[PDB]
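Notes follow the structure.
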Amino acid sequence: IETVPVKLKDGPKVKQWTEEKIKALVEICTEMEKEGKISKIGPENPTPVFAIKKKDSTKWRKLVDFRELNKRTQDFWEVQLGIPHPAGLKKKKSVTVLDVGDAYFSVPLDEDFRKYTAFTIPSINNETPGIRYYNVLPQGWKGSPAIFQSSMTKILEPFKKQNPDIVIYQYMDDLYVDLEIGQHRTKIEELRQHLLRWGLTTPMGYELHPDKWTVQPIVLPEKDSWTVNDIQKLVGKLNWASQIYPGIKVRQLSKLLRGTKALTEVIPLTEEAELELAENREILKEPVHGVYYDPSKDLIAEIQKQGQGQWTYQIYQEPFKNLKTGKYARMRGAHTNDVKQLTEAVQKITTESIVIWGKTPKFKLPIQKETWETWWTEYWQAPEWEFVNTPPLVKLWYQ
Amino acid sequence: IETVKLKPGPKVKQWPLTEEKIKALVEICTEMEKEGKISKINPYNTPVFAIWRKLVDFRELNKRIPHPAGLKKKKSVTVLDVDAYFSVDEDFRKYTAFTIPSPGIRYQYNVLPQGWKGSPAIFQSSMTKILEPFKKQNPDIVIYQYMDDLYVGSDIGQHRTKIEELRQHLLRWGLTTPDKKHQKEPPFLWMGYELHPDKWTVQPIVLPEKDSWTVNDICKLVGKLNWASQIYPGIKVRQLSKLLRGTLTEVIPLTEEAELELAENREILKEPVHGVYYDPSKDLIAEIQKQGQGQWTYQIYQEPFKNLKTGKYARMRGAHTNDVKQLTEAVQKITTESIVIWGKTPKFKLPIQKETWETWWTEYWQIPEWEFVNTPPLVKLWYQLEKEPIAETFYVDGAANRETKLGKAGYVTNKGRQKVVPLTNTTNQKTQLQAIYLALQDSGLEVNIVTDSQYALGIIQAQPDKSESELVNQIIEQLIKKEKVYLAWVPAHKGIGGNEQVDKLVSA
RNA sequence: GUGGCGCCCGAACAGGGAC
């Protein structure tokens with residue numbers, strides 16, 4: 001075995017806020033103690049916990065990481081181990097992720113990180129607590145994968161040495177690769193066996209694919225301005241979209257509403273009116289001009305179910321500086337569990353964020369802070385987020 | 001017997017001292033000599049001022065929960081604290097000293113210094129260390145570190161025999177096996193809880209409602225009764241508390257409406273007190289009823305007609321909200337109450353057309369796996385915010401000055417209906433909605449007024465029914481008495497239909 | 001001289017929004 005010293009630099013020992021989750025997590029904690037990865041020592045000192053249940057699985061998978069410390073210590077470990085943001089994602093058919101989460105859990109664990117290796121073990125009604133759940137490569141700590149940068153490379157060596165067009169990338173609990181998917185699946189089968197060779201495990205299936213995601217091209221408000229209601233909504237979004245698409249000009253728009261008519265007043269179109277209408281509809285429908293993503297500049301999220309179980313989820317940093325026009329619809333085993341539906345939808349889109357610029361910045365989901373803190377575990381799939389109940393501005397893409 | 005450093009010695013004086021235990025130091029020195037709690041002393045020191053506990057002010061040294069109905073009903077209680085501290089670090093095993101004579105005899109205290117900022121957690125850690133072998137031998141036992149005593153469970157005289165053997169197993173590390181536990185009385189005399197398997201509840205309660213006082217006694221009795229009201233249902237202090245806004249001498253009593261309610265509230269408590277224990281076999285059935293006037297209550301019970309526990313729901317915020325807002329809040333809060341007592345979630349059995357809220361839920365900007373258990377209460381909004389039109393495309397709006405803006409809103413209508421709002425010292429937002437309400441009051445049932453500001457839409461969209469500002473209650477009533485309503489929002493500085501002809505009244 | 005927890009309130013930092 002072998003490892004290396006720290007690259008540390010925070011101390012928010014806080015962890016998190018289910019009788020069954022706690023009756024089922026103890027099992028993994030005890031299993032790890034039986035083997036020995038996480039120590040049971042919690043009385044001395046003053047990290048987060050989570051349980052998950054996703055596709056193709058029966059048990060409750062443990063979850064642990066601390067965004068506060070993670071981000072705090074992000075600088076050195078991530079900068080010393082920086083990805084050349086491999087942008088070879090478009091030219092592909094599918095990609096799977098690393099189901100394995102203990103291959104790196106077999107490294108020679110660290111100690112000095114115990115004071116920054118916080119954990120937690122709550123107690124029902126403050127009655128039955130546990131000391132604590134520890135060491136390097138526990139379950140996350142992105143820097144940790146960077147420390148497994150040598151392991152990821154040791155593996156990419158024979159893998160890519162077998163499949164040149166098979167590009168090998170790494171991710172937190174995920175690896176990253178339009179050839180035949182079946183060949184992709186075998187490549188993974190052989191890589192699972194390979195790992196087996198040098199003592200690694202591989203604990204249906206989604207296998208996210210590039211060819212499916214796209215940029216939803218926002219559409220027009222109406223075919224015509226028959227009613228001032230439709231035209232008002234159209235202009236309202238034009239004005240607010242002006243911060244994004246400045247082409248919106250009211251040199252004649254206001255004059256177009258010539259008389260002081262009413263909301264639903266029937267309305268045909270004139271020459272200049274219809275001309276400007278077509279001109280700007282295409283204008284906005286034009287590509288995204290001047291918006292370019294730079295991993296140095298972080299991004300922001302904007303998620304909303306768009307009413308009927310659909311979802312309007314974007315990724316952008318500056319106001320009106322939309323980097324991704326993603327969407328979401330058709331939540332299987334959903335469409336009535338609103339929270340869950342968008343939970344999975346927004347997780348997905350997080351991944352698309354990662355492929356667009358690498359990261360997945362904090363979200364501003366609309367759930368009640370209580371509601372989100374009380375139902376994030378129910379369907380936990382994959383950070384620090386805020387909350388919005390904002391007005392309609394995304395209501396410019398479609399209906 | 002067993003144990004598990006520094007700060008991130010010291011010197012500390014005291015203030016004029018107590019002469020009663022003045023020679024307690026020379027006696028506690030021997031008490032600790034025998035239990036090796038202190039040594040004889042390196043400049044280390046903390047302050048000391050108290051008695052007959054010869055404690056010390058470790059403030060300077062610092063500077064250097066389950067629910068009464070949160071346990072099942074096995075036939076056994078085990079409560080026993082060994083002191084329980086001086087029975088188990090070196091840089092810190094010598095610096096604890098003190099003295100204030102008229103040699104300044106201080107020495108090297110070296111055992112658990114109850115009072116050090118954090119010692120409770122160490123006591124709990126050892127408590128757990130003792131419990132570790134207890135679960136190794138018979139994990140069937142339940143333990144709770146509520147205090148430094150024991151809360152144990154083993155369902156009896158036969159079970160008590162094995163319980164004594166364990167108490168004695170505690171004695172190994174110098175623990176107590178005293179035949180003086182608070183077993184006789186299920187009621188946890190200590191720490192204000194009338195505990196009993198058959199029935200769980202708070203023991204301490206009284207309310208001297210005789211004279212007309214409202215200064216601090218009122219706050220004390222409202223918070224006490226409510227914090228204690230876990231299983232005392234039939235009380236509310238939203239009103240009573242909503243009027244006491246930052247007073248501790250103002251002696252001004254309450255309304256007779258609230259007061260009257262208060263009378264009832266007090267009287268109800270008189271009724272017997274029996275909160276139910278925890279039930280592992282089956283979950284609970286929950287119904288939440290609106291106590292009228294924003295007031296709301298909820299019960300968490302597994303026994304029908306035998307309310308295992310109770311709860312309230314009056315947590316509001318923001319400007320306006322709705323019955324569904326309270327519902328969602330109450331659900332989150334009760335959910336957490338459940339997770340604290342049981343962990344599960346009781347049957348959300350209350351009186352709503354689930355489809356009706358379903359449409360609400362798909363209306364709002366907002367996981368109640370619930371049921372539409374019918375009951376007389378009325379949980380619903382009273383306005384229908386359409387998404388299509390019917391309504392002379394009103395033109396209400398208004399600007400003013402940043403300095404004071406002196407209210408003075410106005411509104412027009414595509415049929416000629418214009419109305420002003422000389423609001424005395426009013427803000428642009430406020431007056432906009434007030435003037436719109438005024439246009440609404442003379443309006444027909446089918447009335448669509450296109451707003452000209454965001455605040456108005458923001459609120460209207462959220463189907464506001466409750467009201468703190470009387471103008472808001474006024475529109476609530478107008479929306480209910482109206483049927484056809486279409487709402488719109490628009491900016492200024494653009495110009496459409498009639499909006500500049502209207503906005504040309506910022507000052508005059 | 002003091003604190004734990006809780007409670008009733010207040011103040012306040014930050015963020016967003018509006019003018």
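Quick note on naming: the chains in the structure tokens go A, B, ... in the order shown, residues restart at 1 in each chain, and ligands are numbered from 1 in order of appearance.
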
Counting only C-alpha atoms, collect the residues of chain B whose closest atom lies at most 7 Å from chain A, and write them out as a PDB file with C-alpha atoms, in the first residue's frame.
ATOM      1  CA  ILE B  65     -33.951  15.066  23.524  1.00  0.00           C
ATOM      2  CA  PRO B  66     -36.628  12.380  23.652  1.00  0.00           C
ATOM      3  CA  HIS B  67     -40.315  12.990  23.987  1.00  0.00           C
ATOM      4  CA  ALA B 121     -20.369  15.112  26.222  1.00  0.00           C
ATOM      5  CA  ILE B 122     -17.561  13.115  27.837  1.00  0.00           C
ATOM      6  CA  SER B 125     -19.455   9.107  25.805  1.00  0.00           C
ATOM      7  CA  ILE B 143     -31.272   3.337  27.210  1.00  0.00           C
ATOM      8  CA  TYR B 144     -31.677   7.100  26.996  1.00  0.00           C
ATOM      9  CA  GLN B 145     -29.089   9.682  28.058  1.00  0.00           C
ATOM     10  CA  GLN B 332     -43.405  19.575   7.465  1.00  0.00           C
ATOM     11  CA  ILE B 339     -39.415  11.674  13.098  1.00  0.00           C
ATOM     12  CA  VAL B 340     -38.428  12.818  16.569  1.00  0.00           C
ATOM     13  CA  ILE B 341     -40.876  10.650  18.486  1.00  0.00           C
ATOM     14  CA  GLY B 343     -39.445   8.173  12.931  1.00  0.00           C
ATOM     15  CA  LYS B 344     -42.396   7.211  10.724  1.00  0.00           C
ATOM     16  CA  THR B 362     -50.047  22.566  -9.686  1.00  0.00           C
ATOM     17  CA  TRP B 365     -44.914  28.106  -6.918  1.00  0.00           C
ATOM     18  CA  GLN B 366     -44.218  25.372  -4.353  1.00  0.00           C
ATOM     19  CA  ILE B 367     -44.655  14.892  -0.555  1.00  0.00           C
ATOM     20  CA  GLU B 392     -62.822  45.882 -19.572  1.00  0.00           C
ATOM     21  CA  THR B 393     -59.017  45.541 -19.492  1.00  0.00           C
ATOM     22  CA  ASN B 414     -61.403  50.736 -21.297  1.00  0.00           C
ATOM     23  CA  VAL B 490     -47.060  44.538 -17.087  1.00  0.00           C
ATOM     24  CA  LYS B 494     -43.130  50.598 -22.668  1.00  0.00           C
ATOM     25  CA  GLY B 495     -46.613  51.806 -23.593  1.00  0.00           C
ATOM     26  CA  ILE B 496     -49.555  49.630 -24.594  1.00  0.00           C
ATOM     27  CA  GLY B 497     -53.323  49.977 -24.732  1.00  0.00           C
ATOM     28  CA  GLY B 498     -53.696  52.487 -21.961  1.00  0.00           C
TER      29      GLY B 498
END

Using only C-alpha atoms (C1' of nucleotides), tabulate the residues of chain C lying at most 8 Å from any atom of chain B, each with its closest atom pair and that distance in Å to one decimal, by chain and increasing residue number, as a tab-separated table.
residue	atom	partner	partner_atom	distance
C:1	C1'	B:49	CA	6.5
C:2	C1'	B:59	CA	6.6
C:3	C1'	B:59	CA	7.7
C:7	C1'	B:223	CA	6.2
C:8	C1'	B:219	CA	6.0
C:9	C1'	B:246	CA	5.5
C:10	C1'	B:246	CA	6.7
C:19	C1'	B:402	CA	7.3

Which chain C residues are at most 10 Å from chain A (counting only C-alpha atoms (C1' of nucleotides)), as number ranges by chain? C: 15-17

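CA of residue 201 in chain B sits 14.0 Å away from CA of residue 73 in chain B.
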
Run DSSP on the backbone of this structure and report the residues of range 260-499 of chain B it assigns to alpha helix (DSSP H), as a short mmCIF file (atom, residue, chain, number, x, y, z; two decimals) with N, CA, C and O atoms, in the first residue's frame.
data_model
loop_
_atom_site.label_atom_id
_atom_site.label_comp_id
_atom_site.auth_asym_id
_atom_site.auth_seq_id
_atom_site.Cartn_x
_atom_site.Cartn_y
_atom_site.Cartn_z
N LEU B 260 -61.62 35.61 26.45
CA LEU B 260 -62.66 34.61 26.53
C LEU B 260 -62.12 33.25 26.12
O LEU B 260 -62.26 32.24 26.85
N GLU B 261 -61.52 33.19 24.93
CA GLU B 261 -60.92 31.95 24.50
C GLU B 261 -60.00 31.43 25.60
O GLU B 261 -60.09 30.26 25.98
N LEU B 262 -59.13 32.29 26.11
CA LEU B 262 -58.21 31.95 27.18
C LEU B 262 -58.92 31.24 28.32
O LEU B 262 -58.40 30.29 28.90
N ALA B 263 -60.06 31.79 28.74
CA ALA B 263 -60.84 31.16 29.81
C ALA B 263 -61.12 29.71 29.48
O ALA B 263 -60.87 28.80 30.27
N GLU B 264 -61.71 29.50 28.30
CA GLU B 264 -61.97 28.14 27.84
C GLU B 264 -60.70 27.31 27.86
O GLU B 264 -60.70 26.16 28.31
N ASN B 265 -59.65 27.84 27.26
CA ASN B 265 -58.34 27.20 27.20
C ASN B 265 -57.90 26.73 28.58
O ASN B 265 -57.45 25.60 28.76
N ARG B 266 -57.90 27.63 29.55
CA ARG B 266 -57.56 27.27 30.91
C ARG B 266 -58.44 26.12 31.41
O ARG B 266 -57.94 25.06 31.81
N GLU B 267 -59.75 26.33 31.37
CA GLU B 267 -60.69 25.31 31.83
C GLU B 267 -60.46 23.93 31.20
O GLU B 267 -60.44 22.92 31.91
N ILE B 268 -60.29 23.88 29.88
CA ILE B 268 -60.10 22.60 29.19
C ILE B 268 -59.01 21.77 29.87
O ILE B 268 -59.21 20.58 30.17
N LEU B 269 -57.85 22.37 30.12
CA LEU B 269 -56.75 21.65 30.75
C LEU B 269 -57.23 20.85 31.95
O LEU B 269 -56.80 19.71 32.16
N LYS B 270 -58.13 21.43 32.76
CA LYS B 270 -58.66 20.76 33.94
C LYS B 270 -58.98 19.31 33.66
O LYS B 270 -58.75 18.44 34.50
N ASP B 323 -54.58 28.66 3.24
CA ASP B 323 -54.83 27.42 3.97
C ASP B 323 -53.86 26.34 3.55
O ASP B 323 -53.39 25.56 4.38
N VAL B 324 -53.51 26.30 2.27
CA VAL B 324 -52.56 25.30 1.81
C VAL B 324 -51.17 25.66 2.29
O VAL B 324 -50.35 24.77 2.54
N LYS B 325 -50.88 26.94 2.44
CA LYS B 325 -49.57 27.31 2.94
C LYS B 325 -49.44 26.78 4.36
O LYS B 325 -48.46 26.11 4.70
N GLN B 326 -50.44 27.06 5.19
CA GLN B 326 -50.42 26.53 6.54
C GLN B 326 -50.39 25.02 6.54
O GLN B 326 -49.72 24.40 7.37
N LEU B 327 -51.11 24.41 5.62
CA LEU B 327 -51.14 22.97 5.57
C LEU B 327 -49.76 22.41 5.32
O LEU B 327 -49.29 21.54 6.06
N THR B 328 -49.09 22.91 4.30
CA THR B 328 -47.76 22.42 3.98
C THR B 328 -46.79 22.65 5.12
O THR B 328 -46.00 21.77 5.47
N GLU B 329 -46.85 23.84 5.72
CA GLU B 329 -45.98 24.13 6.84
C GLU B 329 -46.21 23.15 7.97
O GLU B 329 -45.28 22.54 8.51
N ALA B 330 -47.48 23.01 8.35
CA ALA B 330 -47.86 22.12 9.42
C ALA B 330 -47.43 20.70 9.12
O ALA B 330 -47.03 19.97 10.02
N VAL B 331 -47.52 20.30 7.86
CA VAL B 331 -47.13 18.94 7.51
C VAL B 331 -45.65 18.75 7.71
O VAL B 331 -45.22 17.74 8.27
N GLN B 332 -44.84 19.70 7.27
CA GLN B 332 -43.41 19.58 7.46
C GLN B 332 -43.08 19.50 8.95
O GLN B 332 -42.32 18.64 9.41
N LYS B 333 -43.68 20.40 9.72
CA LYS B 333 -43.43 20.48 11.15
C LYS B 333 -43.91 19.24 11.91
O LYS B 333 -43.21 18.73 12.79
N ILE B 334 -45.05 18.69 11.52
CA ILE B 334 -45.53 17.49 12.17
C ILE B 334 -44.70 16.31 11.74
O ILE B 334 -44.49 15.36 12.50
N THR B 335 -44.28 16.31 10.49
CA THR B 335 -43.40 15.28 9.99
C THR B 335 -42.16 15.19 10.85
O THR B 335 -41.74 14.10 11.25
N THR B 336 -41.55 16.33 11.11
CA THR B 336 -40.39 16.36 11.98
C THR B 336 -40.75 15.98 13.41
O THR B 336 -39.95 15.33 14.10
N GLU B 337 -41.96 16.28 13.85
CA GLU B 337 -42.30 15.87 15.20
C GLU B 337 -42.36 14.35 15.25
O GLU B 337 -41.88 13.71 16.20
N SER B 338 -42.94 13.76 14.21
CA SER B 338 -43.02 12.32 14.08
C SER B 338 -41.64 11.70 14.03
O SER B 338 -41.36 10.70 14.70
N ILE B 339 -40.75 12.25 13.20
CA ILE B 339 -39.41 11.67 13.10
C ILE B 339 -38.72 11.73 14.44
O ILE B 339 -37.85 10.90 14.74
N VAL B 340 -39.07 12.71 15.27
CA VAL B 340 -38.43 12.82 16.57
C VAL B 340 -38.98 11.81 17.56
O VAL B 340 -38.23 11.22 18.34
N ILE B 341 -40.29 11.61 17.55
CA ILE B 341 -40.88 10.65 18.49
C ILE B 341 -40.73 9.23 17.95
O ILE B 341 -40.07 8.38 18.56
N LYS B 354 -58.74 15.94 -2.56
CA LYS B 354 -57.33 15.84 -2.93
C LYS B 354 -57.12 16.37 -4.33
O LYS B 354 -56.10 16.99 -4.61
N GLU B 355 -58.06 16.11 -5.23
CA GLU B 355 -57.99 16.68 -6.57
C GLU B 355 -57.99 18.20 -6.51
O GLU B 355 -57.27 18.87 -7.26
N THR B 356 -58.79 18.75 -5.61
CA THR B 356 -58.86 20.20 -5.48
C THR B 356 -57.51 20.75 -5.08
O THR B 356 -56.98 21.68 -5.72
N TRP B 357 -56.87 20.14 -4.10
CA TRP B 357 -55.56 20.68 -3.82
C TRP B 357 -54.62 20.35 -4.95
O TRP B 357 -53.86 21.21 -5.38
N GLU B 358 -54.73 19.16 -5.52
CA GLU B 358 -53.86 18.75 -6.62
C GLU B 358 -53.77 19.90 -7.60
O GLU B 358 -52.68 20.29 -8.03
N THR B 359 -54.92 20.50 -7.90
CA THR B 359 -54.89 21.64 -8.78
C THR B 359 -54.21 22.81 -8.09
O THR B 359 -53.45 23.55 -8.71
N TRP B 360 -54.41 22.93 -6.78
CA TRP B 360 -53.69 23.97 -6.05
C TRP B 360 -52.19 23.77 -6.24
O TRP B 360 -51.48 24.64 -6.75
N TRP B 361 -51.72 22.58 -5.89
CA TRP B 361 -50.32 22.17 -5.95
C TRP B 361 -49.73 22.39 -7.32
O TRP B 361 -48.52 22.61 -7.45
N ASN B 428 -46.08 53.47 -3.58
CA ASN B 428 -46.56 53.15 -4.91
C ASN B 428 -47.20 51.77 -4.96
O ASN B 428 -48.32 51.61 -5.44
N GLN B 429 -46.54 50.78 -4.36
CA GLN B 429 -47.08 49.42 -4.34
C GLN B 429 -48.42 49.36 -3.61
O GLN B 429 -49.44 48.89 -4.16
N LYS B 430 -48.42 49.80 -2.36
CA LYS B 430 -49.63 49.77 -1.55
C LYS B 430 -50.79 50.39 -2.30
O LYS B 430 -51.86 49.79 -2.45
N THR B 431 -50.60 51.62 -2.78
CA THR B 431 -51.68 52.32 -3.45
C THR B 431 -52.13 51.60 -4.70
O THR B 431 -53.32 51.62 -5.03
N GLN B 432 -51.21 50.97 -5.41
CA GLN B 432 -51.62 50.24 -6.61
C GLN B 432 -52.66 49.20 -6.27
O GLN B 432 -53.75 49.16 -6.85
N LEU B 433 -52.38 48.40 -5.25
CA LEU B 433 -53.35 47.36 -4.92
C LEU B 433 -54.60 47.93 -4.28
O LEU B 433 -55.69 47.39 -4.48
N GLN B 434 -54.47 49.00 -3.51
CA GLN B 434 -55.66 49.58 -2.89
C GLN B 434 -56.61 50.13 -3.95
O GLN B 434 -57.83 49.87 -3.93
N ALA B 435 -56.06 50.87 -4.91
CA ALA B 435 -56.86 51.42 -6.00
C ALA B 435 -57.47 50.31 -6.83
O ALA B 435 -58.60 50.43 -7.31
N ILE B 436 -56.74 49.21 -7.00
CA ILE B 436 -57.30 48.12 -7.76
C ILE B 436 -58.44 47.48 -7.00
O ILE B 436 -59.45 47.10 -7.58
N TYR B 437 -58.28 47.30 -5.69
CA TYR B 437 -59.38 46.78 -4.91
C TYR B 437 -60.60 47.67 -5.04
O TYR B 437 -61.74 47.18 -5.10
N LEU B 438 -60.39 48.98 -5.06
CA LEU B 438 -61.50 49.90 -5.20
C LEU B 438 -62.18 49.73 -6.55
O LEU B 438 -63.41 49.76 -6.65
N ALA B 439 -61.39 49.61 -7.61
CA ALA B 439 -61.99 49.31 -8.90
C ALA B 439 -62.72 47.97 -8.87
O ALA B 439 -63.77 47.81 -9.51
N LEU B 440 -62.20 47.00 -8.13
CA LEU B 440 -62.82 45.70 -8.00
C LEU B 440 -64.16 45.74 -7.27
O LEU B 440 -65.09 45.01 -7.63
N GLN B 441 -64.28 46.58 -6.26
CA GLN B 441 -65.49 46.56 -5.44
C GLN B 441 -66.73 46.96 -6.23
O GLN B 441 -67.78 46.32 -6.11
N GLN B 454 -45.25 44.22 -10.25
CA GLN B 454 -45.02 42.81 -9.97
C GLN B 454 -45.64 42.37 -8.65
O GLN B 454 -46.34 41.37 -8.60
N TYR B 455 -45.45 43.16 -7.59
CA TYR B 455 -45.96 42.81 -6.27
C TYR B 455 -47.40 42.32 -6.32
O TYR B 455 -47.75 41.27 -5.75
N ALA B 456 -48.25 43.07 -7.00
CA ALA B 456 -49.66 42.71 -7.10
C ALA B 456 -49.80 41.30 -7.65
O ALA B 456 -50.46 40.44 -7.05
N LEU B 457 -49.25 41.06 -8.84
CA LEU B 457 -49.30 39.74 -9.43
C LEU B 457 -48.76 38.70 -8.47
O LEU B 457 -49.41 37.70 -8.17
N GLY B 458 -47.55 38.91 -7.98
CA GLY B 458 -46.91 38.00 -7.06
C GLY B 458 -47.85 37.49 -5.99
O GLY B 458 -47.91 36.29 -5.72
N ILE B 459 -48.59 38.41 -5.38
CA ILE B 459 -49.52 38.01 -4.33
C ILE B 459 -50.76 37.35 -4.90
O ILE B 459 -51.09 36.21 -4.54
N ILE B 460 -51.47 38.04 -5.80
CA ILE B 460 -52.70 37.51 -6.38
C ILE B 460 -52.50 36.09 -6.87
O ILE B 460 -53.27 35.18 -6.56
N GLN B 461 -51.45 35.89 -7.66
CA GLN B 461 -51.12 34.58 -8.20
C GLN B 461 -51.11 33.53 -7.10
O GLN B 461 -51.54 32.39 -7.31
N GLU B 470 -55.94 45.37 6.10
CA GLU B 470 -57.37 45.32 5.87
C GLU B 470 -57.68 45.39 4.38
O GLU B 470 -58.66 44.79 3.93
N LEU B 471 -56.87 46.12 3.62
CA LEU B 471 -57.07 46.15 2.18
C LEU B 471 -56.97 44.75 1.59
O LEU B 471 -57.78 44.37 0.73
N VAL B 472 -56.07 43.93 2.13
CA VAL B 472 -55.91 42.57 1.61
C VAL B 472 -57.13 41.75 1.94
O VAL B 472 -57.63 40.99 1.10
N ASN B 473 -57.65 41.88 3.15
CA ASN B 473 -58.85 41.13 3.48
C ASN B 473 -60.00 41.58 2.59
O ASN B 473 -60.84 40.77 2.17
N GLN B 474 -60.04 42.87 2.30
CA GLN B 474 -61.06 43.42 1.42
C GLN B 474 -61.02 42.77 0.05
O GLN B 474 -62.06 42.34 -0.48
N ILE B 475 -59.83 42.64 -0.54
CA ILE B 475 -59.83 41.99 -1.84
C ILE B 475 -60.14 40.52 -1.70
O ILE B 475 -60.67 39.91 -2.62
N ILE B 476 -59.79 39.92 -0.57
CA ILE B 476 -60.12 38.51 -0.40
C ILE B 476 -61.62 38.33 -0.51
O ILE B 476 -62.13 37.48 -1.26
N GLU B 477 -62.36 39.15 0.23
CA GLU B 477 -63.81 39.10 0.19
C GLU B 477 -64.34 39.41 -1.21
O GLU B 477 -65.31 38.80 -1.67
N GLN B 478 -63.73 40.37 -1.90
CA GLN B 478 -64.20 40.69 -3.25
C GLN B 478 -63.95 39.54 -4.22
O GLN B 478 -64.81 39.22 -5.06
N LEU B 479 -62.81 38.87 -4.09
CA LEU B 479 -62.51 37.73 -4.94
C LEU B 479 -63.45 36.58 -4.69
O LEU B 479 -63.87 35.89 -5.63
N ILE B 480 -63.82 36.35 -3.43
CA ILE B 480 -64.76 35.27 -3.16
C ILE B 480 -66.12 35.60 -3.74
O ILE B 480 -66.75 34.77 -4.40
N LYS B 481 -66.60 36.82 -3.50
CA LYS B 481 -67.91 37.19 -4.03
C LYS B 481 -67.90 37.37 -5.53
O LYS B 481 -68.96 37.59 -6.12
#

CA of residue 386 in chain B to CA of residue 346 in chain A, straight-line distance in Å: 28.9 Å

Backbone-only DSSP, strand (DSSP E) members of range 188-389 of chain B, as a CSV table (one decimal) with N, CA and C atoms, in the first residue's frame:
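Dumped everything to part-v9.csv:
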chain,number,residue,atom,x,y,z
B,285,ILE,N,-52.7,7.7,13.2
B,285,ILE,CA,-53.7,8.3,12.3
B,285,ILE,C,-53.8,9.8,12.7
B,286,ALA,N,-53.6,10.7,11.8
B,286,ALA,CA,-53.5,12.1,12.0
B,286,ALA,C,-54.5,12.9,11.3
B,287,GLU,N,-55.2,13.8,12.1
B,287,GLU,CA,-56.2,14.7,11.5
B,287,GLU,C,-55.8,16.1,12.0
B,288,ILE,N,-55.8,17.1,11.1
B,288,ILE,CA,-55.5,18.5,11.5
B,288,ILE,C,-56.7,19.3,11.1
B,289,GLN,N,-57.2,20.1,12.1
B,289,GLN,CA,-58.3,21.0,12.0
B,289,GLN,C,-57.9,22.4,12.2
B,290,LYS,N,-58.6,23.3,11.4
B,290,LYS,CA,-58.3,24.7,11.4
B,290,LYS,C,-59.1,25.3,12.6
B,291,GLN,N,-58.4,25.9,13.6
B,291,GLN,CA,-59.1,26.4,14.8
B,291,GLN,C,-59.8,27.7,14.5
B,292,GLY,N,-60.1,28.0,13.2
B,292,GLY,CA,-60.7,29.2,12.9
B,292,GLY,C,-59.7,30.4,13.0
B,295,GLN,N,-56.1,30.0,12.9
B,295,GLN,CA,-55.8,29.0,13.9
B,295,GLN,C,-55.9,27.6,13.3
B,296,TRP,N,-55.0,26.7,13.7
B,296,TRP,CA,-55.0,25.3,13.2
B,296,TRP,C,-54.5,24.4,14.3
B,297,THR,N,-55.0,23.2,14.3
B,297,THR,CA,-54.6,22.1,15.3
B,297,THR,C,-54.4,20.8,14.6
B,298,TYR,N,-53.7,19.9,15.2
B,298,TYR,CA,-53.4,18.6,14.7
B,298,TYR,C,-53.2,17.7,15.8
B,299,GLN,N,-53.6,16.4,15.6
B,299,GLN,CA,-53.4,15.3,16.6
B,299,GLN,C,-52.6,14.2,15.9
B,300,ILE,N,-51.7,13.6,16.6
B,300,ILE,CA,-51.0,12.5,16.2
B,300,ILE,C,-51.3,11.3,17.1
B,301,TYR,N,-52.1,10.3,16.6
B,301,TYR,CA,-52.6,9.3,17.5
B,301,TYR,C,-52.7,8.0,16.7
B,309,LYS,N,-51.2,12.1,21.0
B,309,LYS,CA,-50.5,13.3,21.2
B,309,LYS,C,-51.2,14.4,20.3
B,310,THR,N,-50.8,15.6,20.5
B,310,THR,CA,-51.5,16.7,19.8
B,310,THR,C,-50.4,17.6,19.3
B,311,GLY,N,-50.9,18.6,18.5
B,311,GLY,CA,-50.0,19.6,17.9
B,311,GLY,C,-50.9,20.7,17.4
B,312,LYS,N,-50.2,21.8,17.0
B,312,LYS,CA,-50.8,23.0,16.5
B,312,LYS,C,-50.2,23.3,15.1
B,347,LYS,N,-50.8,8.6,9.3
B,347,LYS,CA,-51.8,8.8,8.3
B,347,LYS,C,-52.3,10.2,8.2
B,348,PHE,N,-52.0,10.9,7.1
B,348,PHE,CA,-52.4,12.3,6.9
B,348,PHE,C,-53.9,12.3,6.5
B,349,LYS,N,-54.7,12.1,7.5
B,349,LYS,CA,-56.2,11.9,7.3
B,349,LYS,C,-56.9,13.2,7.6
B,370,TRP,N,-50.9,11.3,1.6
B,370,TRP,CA,-52.0,11.6,2.5
B,370,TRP,C,-53.3,11.0,2.0
B,371,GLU,N,-54.4,11.3,2.7
B,371,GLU,CA,-55.7,10.9,2.3
B,371,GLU,C,-56.6,12.1,2.5

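CA of residue 172 in chain A is found 11.6 Å from CA of residue 149 in chain A.
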
I'd like the contact shell of residue 25 in chain A - 8 Å cut-off, only C-alpha atoms (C1' of nucleotides), skipping same-chain residues fewer than 6 positions apart - returned as a ChimeraX atom specification. /A:51,60-62
